[PDB]
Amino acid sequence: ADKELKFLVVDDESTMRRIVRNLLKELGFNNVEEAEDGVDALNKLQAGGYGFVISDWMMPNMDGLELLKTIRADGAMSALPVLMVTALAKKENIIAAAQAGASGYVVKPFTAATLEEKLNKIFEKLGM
């Protein structure tokens, strides 16, 4: 994918945002911004330019499922890639996110290889 693709990395824990940003950097993606919850995320998204969202689920203010649903329903960003990265591992969590339009889903804790694999699966699905 285009190494200038702009990522938004959303999680309420700075440690996990830092993991994901550093992993993206290794993969060659440096156009990366962070958000602390779904509301913060939507403010950045409204500012424009983003081409990929990686998001946690459990967050205050607006959780990641609500964030995914909002993005998918919004005519300006309905096809935005959204990779869910969450500790939630139950099949019913995975179903809810998948049905809501998740582009992919990674369970925490995850390896560097898993993130790269699941990112590439999305790129290839979307022809990026």
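Counting begins at 1, following the sequence as shown.
According to the PDB record, 25-33 carries the higher mean C-alpha B-factor of the two stretches 61-69 and 25-33.
Comparing the listed residues 46, 55, 99, 103, the entry records the largest Cα B-factor for 46. Within the group 77, 39, 84, 95, the record's highest C-alpha temperature factor is found at 77.
Residue 5 sits in the highest third of its chain by CA B factor, as recorded in the PDB entry. In this PDB entry, residue 13 carries a Cα temperature factor that places it within the middle third of its chain's modelled residues. Placement of the Cα temperature factor of residue 20 within the chain: lowest third of the modelled residues, per the deposited record.
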